[PDB]
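Here the structure is laid out as structure tokens; the discussion comes afterwards.
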Amino acid sequence: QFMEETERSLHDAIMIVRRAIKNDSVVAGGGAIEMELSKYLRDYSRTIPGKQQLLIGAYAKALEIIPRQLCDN
Amino acid sequence: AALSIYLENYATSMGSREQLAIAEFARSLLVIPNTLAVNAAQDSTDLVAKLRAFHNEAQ
């Protein structure tokens, strides 16, 4: 019952490695950018909004969930 | 609206959950102009979000 999750590491490696091939340009993974992406856009939750701060901010809230989930779970 | 952003700037700077603490305090600040949208029948975000839309620095 432990054996399935063992191989699923190898092909993802093969994939994401070939993905480092498929695209030589590689951003930081693991929810790295999405932290600032909030602040990056939440700048415009400050700047523009007519209503748009909820529109930008909730999305700024929406960006970090991928690390936020794995972190807090 | 400033005090939101004024504090919401001080939010992102502090860090950890107290960064989050400061930001959620910068939220409650915005209801007083929004309860003006109550009586004047204004549009709360178009009121308040555009209030926050006003700045060079926060002031």
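Some points to look at:
- For residue A:1, the test of being without any contact (Cβ under 8 Å) to a residue 40 or more places away in the chain, part of a loop (DSSP other than H, G, I, E, B) and out of contact with any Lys or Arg (no Cβ under 7 Å at 6 or more places or on another chain) is passed.
- Helices (runs of 4 or more DSSP H) wholly inside chain B containing at least 2 residues that are in contact (Cβ under 8 Å) with a residue 60 or more places away in the chain: none
- Contact map, the range A:45-56: first residue more than 7 Å from chain B (Cβ to nearest Cβ), second residue among the β-branched types (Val, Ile, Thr) and part of a helix (DSSP H, G or I), Cβ cut-off under 6 Å, separation 6 or more or different chains; pairs are A:45/A:56.
- Scanning the range B:28-46 for residues that are more than 10 Å from every other protein chain (Cβ to nearest Cβ) and not small (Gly, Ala, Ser) yields B:29, B:31, B:32, B:33, B:34, B:35, B:36, B:38, B:39, B:42.
- Residues (within 11 Å of another protein chain (Cβ to nearest Cβ), among the small types (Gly, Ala, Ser) and either farther than 17 Å from residue B:58 by Cα or touching a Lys or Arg at 6+ places or on another chain (Cβ under 8 Å) (or both)) located in the range B:4-21: B:4
- Considering only residues in the range B:1-33 that are among the polar types (S, T, N, Q) and buried (at least 16 other Cβ atoms within 10 Å of the Cβ), the one that is farthest from residue A:39 (Cα to Cα) turns out to be B:4.
- Selection status of residue A:46, closer than 30 Å to residue B:2 by Cβ and over 20 Å from the mean Cα position of the chain (by Cα): yes
With ideal geometry, Cβ positions are generated from the backbone for all residues, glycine too; neighbour counts draw on all protein chains shown. Read-outs throughout are calculated quantities, based only on the coordinates presented, and are distinct from any laboratory measurement.
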